[PDB]
>>> print(open('protein20.cif').read())   # mmCIF, N, CA and C atoms
data_protein
#
loop_
_atom_site.label_atom_id
_atom_site.label_comp_id
_atom_site.auth_asym_id
_atom_site.auth_seq_id
_atom_site.Cartn_x
_atom_site.Cartn_y
_atom_site.Cartn_z
N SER T 1 -78.96 23.51 44.24
CA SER T 1 -79.21 24.94 44.18
C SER T 1 -79.54 25.50 45.56
N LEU T 2 -79.78 24.59 46.51
CA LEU T 2 -80.11 25.01 47.87
C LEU T 2 -78.89 25.53 48.63
N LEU T 3 -77.69 25.09 48.24
CA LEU T 3 -76.47 25.53 48.91
C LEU T 3 -76.06 26.95 48.54
N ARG T 4 -76.66 27.53 47.50
CA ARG T 4 -76.33 28.88 47.08
C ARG T 4 -77.55 29.79 47.00
N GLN T 5 -78.72 29.34 47.47
CA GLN T 5 -79.91 30.17 47.42
C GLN T 5 -79.82 31.38 48.33
N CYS T 6 -78.95 31.36 49.34
CA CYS T 6 -78.78 32.47 50.26
C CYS T 6 -77.29 32.60 50.55
N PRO T 7 -76.73 33.81 50.42
CA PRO T 7 -75.29 33.98 50.70
C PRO T 7 -74.93 33.91 52.17
N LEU T 8 -75.89 33.67 53.06
CA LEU T 8 -75.65 33.59 54.49
C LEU T 8 -76.24 32.30 55.06
N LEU T 9 -75.99 31.19 54.37
CA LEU T 9 -76.48 29.87 54.77
C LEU T 9 -75.27 28.96 54.93
N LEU T 10 -74.70 28.95 56.15
CA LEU T 10 -73.54 28.12 56.44
C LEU T 10 -73.96 26.88 57.21
N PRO T 11 -73.28 25.75 56.99
CA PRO T 11 -73.64 24.52 57.71
C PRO T 11 -73.32 24.61 59.19
N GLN T 12 -74.37 24.62 60.02
CA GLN T 12 -74.16 24.72 61.46
C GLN T 12 -73.49 23.46 62.01
N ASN T 13 -74.05 22.30 61.72
CA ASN T 13 -73.52 21.03 62.20
C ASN T 13 -73.37 20.07 61.03
N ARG T 14 -72.40 19.15 61.16
CA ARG T 14 -72.16 18.17 60.11
C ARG T 14 -73.35 17.24 59.90
N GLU T 15 -74.22 17.10 60.90
CA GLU T 15 -75.39 16.23 60.79
C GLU T 15 -76.49 16.82 59.91
N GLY T 16 -76.27 17.98 59.31
CA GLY T 16 -77.28 18.59 58.45
C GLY T 16 -78.15 19.60 59.17
N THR T 17 -77.52 20.50 59.93
CA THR T 17 -78.28 21.52 60.64
C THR T 17 -78.73 22.64 59.70
N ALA T 18 -77.86 23.07 58.79
CA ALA T 18 -78.16 24.11 57.82
C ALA T 18 -78.61 25.42 58.46
N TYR T 19 -78.24 25.65 59.72
CA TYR T 19 -78.61 26.86 60.45
C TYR T 19 -77.31 27.57 60.85
N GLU T 20 -76.79 28.39 59.94
CA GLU T 20 -75.58 29.16 60.21
C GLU T 20 -75.43 30.29 59.20
N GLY T 21 -75.28 31.52 59.68
CA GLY T 21 -75.13 32.67 58.82
C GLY T 21 -76.39 33.52 58.77
N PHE T 22 -76.22 34.73 58.26
CA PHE T 22 -77.34 35.65 58.09
C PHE T 22 -78.28 35.11 57.03
N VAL T 23 -79.45 34.63 57.47
CA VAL T 23 -80.44 34.05 56.56
C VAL T 23 -81.63 35.00 56.44
N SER T 24 -81.39 36.29 56.66
CA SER T 24 -82.43 37.31 56.59
C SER T 24 -82.03 38.33 55.53
N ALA T 25 -82.92 38.55 54.57
CA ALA T 25 -82.69 39.50 53.48
C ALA T 25 -83.36 40.81 53.87
N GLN T 26 -82.55 41.80 54.26
CA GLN T 26 -83.06 43.10 54.68
C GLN T 26 -82.03 44.16 54.30
N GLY T 27 -82.19 45.35 54.87
CA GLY T 27 -81.29 46.46 54.61
C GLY T 27 -79.82 46.10 54.77
N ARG T 28 -79.46 45.60 55.95
CA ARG T 28 -78.08 45.24 56.25
C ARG T 28 -77.86 43.73 56.35
N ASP T 29 -78.65 43.04 57.17
CA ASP T 29 -78.52 41.60 57.34
C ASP T 29 -79.65 41.13 58.25
N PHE T 30 -79.75 39.81 58.40
CA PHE T 30 -80.78 39.19 59.24
C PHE T 30 -80.15 37.95 59.87
N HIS T 31 -79.67 38.10 61.11
CA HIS T 31 -79.03 37.00 61.83
C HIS T 31 -80.11 36.12 62.46
N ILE T 32 -80.66 35.23 61.64
CA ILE T 32 -81.71 34.30 62.07
C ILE T 32 -81.16 32.90 61.83
N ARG T 33 -80.58 32.31 62.87
CA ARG T 33 -80.00 30.97 62.80
C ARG T 33 -81.04 29.98 63.31
N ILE T 34 -81.70 29.30 62.38
CA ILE T 34 -82.73 28.31 62.70
C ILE T 34 -82.09 26.94 62.57
N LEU T 35 -81.95 26.24 63.69
CA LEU T 35 -81.35 24.91 63.73
C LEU T 35 -82.47 23.88 63.86
N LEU T 36 -82.72 23.14 62.78
CA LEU T 36 -83.76 22.12 62.78
C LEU T 36 -83.16 20.81 63.29
N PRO T 37 -83.49 20.37 64.50
CA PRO T 37 -82.92 19.13 65.04
C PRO T 37 -83.67 17.86 64.66
N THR T 38 -84.67 17.95 63.78
CA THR T 38 -85.42 16.77 63.37
C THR T 38 -84.64 15.99 62.32
N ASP T 39 -84.92 14.68 62.26
CA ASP T 39 -84.25 13.83 61.29
C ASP T 39 -84.58 14.26 59.86
N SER T 40 -85.85 14.17 59.48
CA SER T 40 -86.28 14.56 58.14
C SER T 40 -87.53 15.42 58.10
N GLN T 41 -88.29 15.52 59.19
CA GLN T 41 -89.51 16.33 59.19
C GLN T 41 -89.16 17.80 59.38
N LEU T 42 -89.82 18.66 58.60
CA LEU T 42 -89.58 20.09 58.71
C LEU T 42 -90.24 20.68 59.95
N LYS T 43 -91.47 20.28 60.25
CA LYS T 43 -92.16 20.78 61.42
C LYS T 43 -91.46 20.32 62.69
N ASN T 44 -91.63 21.10 63.76
CA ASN T 44 -91.07 20.87 65.08
C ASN T 44 -89.59 21.25 65.18
N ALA T 45 -88.98 21.74 64.11
CA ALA T 45 -87.57 22.13 64.15
C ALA T 45 -87.43 23.51 64.77
N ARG T 46 -86.38 23.68 65.58
CA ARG T 46 -86.13 24.95 66.24
C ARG T 46 -85.75 26.00 65.20
N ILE T 47 -86.67 26.92 64.92
CA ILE T 47 -86.44 27.98 63.94
C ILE T 47 -86.51 29.33 64.64
N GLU T 48 -86.13 29.36 65.92
CA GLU T 48 -86.16 30.60 66.71
C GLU T 48 -84.97 31.46 66.30
N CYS T 49 -85.11 32.11 65.14
CA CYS T 49 -84.07 32.99 64.61
C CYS T 49 -84.22 34.36 65.27
N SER T 50 -83.58 34.52 66.42
CA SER T 50 -83.65 35.78 67.15
C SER T 50 -83.09 36.91 66.29
N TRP T 51 -83.89 37.95 66.10
CA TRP T 51 -83.49 39.09 65.29
C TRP T 51 -84.31 40.30 65.72
N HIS T 52 -83.96 41.46 65.15
CA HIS T 52 -84.64 42.72 65.45
C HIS T 52 -84.46 43.12 66.91
N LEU T 53 -83.20 43.13 67.36
CA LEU T 53 -82.81 43.49 68.72
C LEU T 53 -83.12 42.41 69.75
N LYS T 54 -83.57 41.23 69.31
CA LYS T 54 -83.89 40.13 70.20
C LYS T 54 -82.88 39.01 69.99
N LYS T 55 -82.37 38.46 71.09
CA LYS T 55 -81.40 37.37 71.02
C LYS T 55 -82.08 36.01 71.06
N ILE T 56 -82.85 35.75 72.11
CA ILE T 56 -83.55 34.47 72.25
C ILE T 56 -84.74 34.46 71.31
N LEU T 57 -84.84 33.42 70.49
CA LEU T 57 -85.92 33.29 69.53
C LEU T 57 -87.05 32.44 70.11
N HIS T 58 -88.16 32.39 69.38
CA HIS T 58 -89.34 31.64 69.77
C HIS T 58 -89.66 30.59 68.70
N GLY T 59 -90.70 29.81 68.96
CA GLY T 59 -91.11 28.77 68.04
C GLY T 59 -91.66 29.35 66.75
N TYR T 60 -92.17 28.45 65.91
CA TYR T 60 -92.73 28.83 64.63
C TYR T 60 -94.10 29.48 64.82
N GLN T 61 -94.65 30.00 63.72
CA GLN T 61 -95.96 30.64 63.71
C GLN T 61 -95.96 31.98 64.45
N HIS T 62 -94.85 32.72 64.37
CA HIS T 62 -94.78 34.02 65.03
C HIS T 62 -95.67 35.04 64.33
N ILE T 63 -95.64 35.06 63.00
CA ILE T 63 -96.46 35.98 62.23
C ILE T 63 -97.81 35.33 61.94
N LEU T 64 -98.78 36.15 61.53
CA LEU T 64 -100.10 35.64 61.20
C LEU T 64 -100.02 34.52 60.17
N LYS T 65 -99.16 34.69 59.16
CA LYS T 65 -98.97 33.69 58.11
C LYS T 65 -97.53 33.17 58.09
N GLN T 66 -96.88 33.15 59.26
CA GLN T 66 -95.50 32.68 59.33
C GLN T 66 -95.42 31.18 59.10
N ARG T 67 -96.10 30.40 59.94
CA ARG T 67 -96.09 28.94 59.83
C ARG T 67 -97.22 28.43 58.94
N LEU T 68 -97.29 28.95 57.72
CA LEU T 68 -98.31 28.56 56.75
C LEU T 68 -97.76 27.67 55.64
N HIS T 69 -96.70 28.10 54.96
CA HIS T 69 -96.11 27.32 53.87
C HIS T 69 -94.97 26.45 54.41
N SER T 70 -95.36 25.46 55.22
CA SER T 70 -94.43 24.51 55.82
C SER T 70 -94.54 23.13 55.19
N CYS T 71 -95.03 23.06 53.96
CA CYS T 71 -95.19 21.79 53.26
C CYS T 71 -93.85 21.31 52.71
N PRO T 72 -93.07 22.19 52.10
CA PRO T 72 -91.79 21.78 51.52
C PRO T 72 -90.73 21.63 52.60
N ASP T 73 -89.54 21.21 52.17
CA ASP T 73 -88.42 21.00 53.07
C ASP T 73 -87.74 22.34 53.38
N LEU T 74 -86.58 22.28 54.03
CA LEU T 74 -85.86 23.50 54.38
C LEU T 74 -85.52 24.35 53.16
N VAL T 75 -85.43 23.74 51.98
CA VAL T 75 -85.12 24.51 50.77
C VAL T 75 -86.22 25.53 50.51
N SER T 76 -87.46 25.05 50.35
CA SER T 76 -88.58 25.97 50.13
C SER T 76 -88.80 26.87 51.34
N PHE T 77 -88.62 26.33 52.55
CA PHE T 77 -88.79 27.14 53.75
C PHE T 77 -87.73 28.24 53.81
N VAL T 78 -86.50 27.93 53.41
CA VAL T 78 -85.45 28.94 53.41
C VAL T 78 -85.68 29.97 52.32
N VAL T 79 -86.22 29.54 51.17
CA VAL T 79 -86.49 30.47 50.08
C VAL T 79 -87.63 31.41 50.46
N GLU T 80 -88.63 30.91 51.19
CA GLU T 80 -89.74 31.74 51.62
C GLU T 80 -89.37 32.70 52.74
N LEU T 81 -88.16 32.59 53.30
CA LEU T 81 -87.75 33.50 54.36
C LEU T 81 -87.74 34.94 53.88
N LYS T 82 -87.19 35.18 52.69
CA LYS T 82 -87.14 36.54 52.15
C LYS T 82 -88.54 37.05 51.84
N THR T 83 -89.40 36.20 51.27
CA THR T 83 -90.76 36.62 50.97
C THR T 83 -91.55 36.93 52.23
N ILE T 84 -91.24 36.25 53.34
CA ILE T 84 -91.93 36.53 54.59
C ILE T 84 -91.38 37.79 55.25
N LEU T 85 -90.06 38.01 55.14
CA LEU T 85 -89.47 39.21 55.72
C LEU T 85 -89.87 40.46 54.96
N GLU T 86 -90.10 40.34 53.65
CA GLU T 86 -90.51 41.50 52.86
C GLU T 86 -91.88 42.03 53.27
N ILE T 87 -92.73 41.19 53.86
CA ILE T 87 -94.05 41.65 54.28
C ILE T 87 -93.95 42.62 55.44
N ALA T 88 -92.90 42.51 56.25
CA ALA T 88 -92.69 43.40 57.38
C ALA T 88 -91.61 44.44 57.13
N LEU T 89 -90.79 44.27 56.08
CA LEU T 89 -89.75 45.24 55.79
C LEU T 89 -90.30 46.56 55.28
N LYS T 90 -91.53 46.57 54.75
CA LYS T 90 -92.16 47.78 54.24
C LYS T 90 -93.04 48.47 55.26
N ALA T 91 -92.76 48.30 56.55
CA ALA T 91 -93.55 48.93 57.60
C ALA T 91 -92.66 49.52 58.68
#
>>> encode(input="protein20.cif", output="structure tokens")
Amino acid sequence: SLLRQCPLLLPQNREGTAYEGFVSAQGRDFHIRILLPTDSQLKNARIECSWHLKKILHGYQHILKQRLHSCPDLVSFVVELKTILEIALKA
């Protein structure tokens, strides 16, 4: 169910990058390509999804509660992307 949880989740690399496509749920789209280069650990993966007029992204923990629910794998982390973006979409 992780391959269809977001209509903008394309496989970046054959090695299991899972960082390709608009993974931001907003008015029009959210071009946040987070490429996790770790073998199996979720933390330390490059999730600098440059968006909102910014090209170069930064590490995790950008928002006050951004890097909080990092217990699950990319599936739960990808599902929480919309819930995290909704906190700022209403401002």
>>> resolve_selection(input="protein20.cif", expression="the PyMOL selection byres (((chain T and resi 82 and name CA) around 12) and name CA)", output="compact mmCIF listing (two decimals) with N, CA and C atoms, in the frame of the given file")
# COMPACT_ATOMS: atom_id res chain seq x y z
N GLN T 5 -78.72 29.34 47.47
CA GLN T 5 -79.91 30.17 47.42
C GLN T 5 -79.82 31.38 48.33
N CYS T 6 -78.95 31.36 49.34
CA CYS T 6 -78.78 32.47 50.26
C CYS T 6 -77.29 32.60 50.55
N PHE T 22 -76.22 34.73 58.26
CA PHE T 22 -77.34 35.65 58.09
C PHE T 22 -78.28 35.11 57.03
N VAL T 23 -79.45 34.63 57.47
CA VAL T 23 -80.44 34.05 56.56
C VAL T 23 -81.63 35.00 56.44
N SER T 24 -81.39 36.29 56.66
CA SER T 24 -82.43 37.31 56.59
C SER T 24 -82.03 38.33 55.53
N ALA T 25 -82.92 38.55 54.57
CA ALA T 25 -82.69 39.50 53.48
C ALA T 25 -83.36 40.81 53.87
N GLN T 26 -82.55 41.80 54.26
CA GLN T 26 -83.06 43.10 54.68
C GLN T 26 -82.03 44.16 54.30
N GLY T 27 -82.19 45.35 54.87
CA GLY T 27 -81.29 46.46 54.61
C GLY T 27 -79.82 46.10 54.77
N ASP T 29 -78.65 43.04 57.17
CA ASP T 29 -78.52 41.60 57.34
C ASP T 29 -79.65 41.13 58.25
N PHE T 30 -79.75 39.81 58.40
CA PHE T 30 -80.78 39.19 59.24
C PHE T 30 -80.15 37.95 59.87
N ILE T 32 -80.66 35.23 61.64
CA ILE T 32 -81.71 34.30 62.07
C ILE T 32 -81.16 32.90 61.83
N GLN T 66 -96.88 33.15 59.26
CA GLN T 66 -95.50 32.68 59.33
C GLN T 66 -95.42 31.18 59.10
N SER T 76 -87.46 25.05 50.35
CA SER T 76 -88.58 25.97 50.13
C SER T 76 -88.80 26.87 51.34
N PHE T 77 -88.62 26.33 52.55
CA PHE T 77 -88.79 27.14 53.75
C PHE T 77 -87.73 28.24 53.81
N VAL T 78 -86.50 27.93 53.41
CA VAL T 78 -85.45 28.94 53.41
C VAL T 78 -85.68 29.97 52.32
N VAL T 79 -86.22 29.54 51.17
CA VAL T 79 -86.49 30.47 50.08
C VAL T 79 -87.63 31.41 50.46
N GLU T 80 -88.63 30.91 51.19
CA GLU T 80 -89.74 31.74 51.62
C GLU T 80 -89.37 32.70 52.74
N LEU T 81 -88.16 32.59 53.30
CA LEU T 81 -87.75 33.50 54.36
C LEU T 81 -87.74 34.94 53.88
N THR T 83 -89.40 36.20 51.27
CA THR T 83 -90.76 36.62 50.97
C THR T 83 -91.55 36.93 52.23
N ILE T 84 -91.24 36.25 53.34
CA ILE T 84 -91.93 36.53 54.59
C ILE T 84 -91.38 37.79 55.25
N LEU T 85 -90.06 38.01 55.14
CA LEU T 85 -89.47 39.21 55.72
C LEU T 85 -89.87 40.46 54.96
N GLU T 86 -90.10 40.34 53.65
CA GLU T 86 -90.51 41.50 52.86
C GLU T 86 -91.88 42.03 53.27
N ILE T 87 -92.73 41.19 53.86
CA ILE T 87 -94.05 41.65 54.28
C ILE T 87 -93.95 42.62 55.44
N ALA T 88 -92.90 42.51 56.25
CA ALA T 88 -92.69 43.40 57.38
C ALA T 88 -91.61 44.44 57.13
N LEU T 89 -90.79 44.27 56.08
CA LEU T 89 -89.75 45.24 55.79
C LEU T 89 -90.30 46.56 55.28
>>> atom_distance(input="protein20.cif", atom1="atom N of residue 19 (chain T)", atom2="atom N of residue 65 (chain T)")
22.8 Å
>>> axis_aligned_box(input="protein20.cif", around="region 46-63 of chain T", padding_each_side="5 Å", output="AutoDock Vina command-line options")
--center_x -89.6 --center_y 33.6 --center_z 67.1 --size_x 26.4 --size_y 29.8 --size_z 20.3
>>> select_by_dssp(input="protein20.cif", residues="region 31-77 of chain T", states="alpha helix (DSSP H)", output="PyMOL selection string")
chain T and resi 74-77
>>> residues_around(input="protein20.cif", residues="region 41-50 of chain T", least_positions_apart="6", cutoff="7 Å", atoms="only N, CA and C atoms", output="list in words")
residues 31, 32, 33, 34, 35, 56, 57, 58, 59, 60, 70, 72, 73 and 74 of chain T
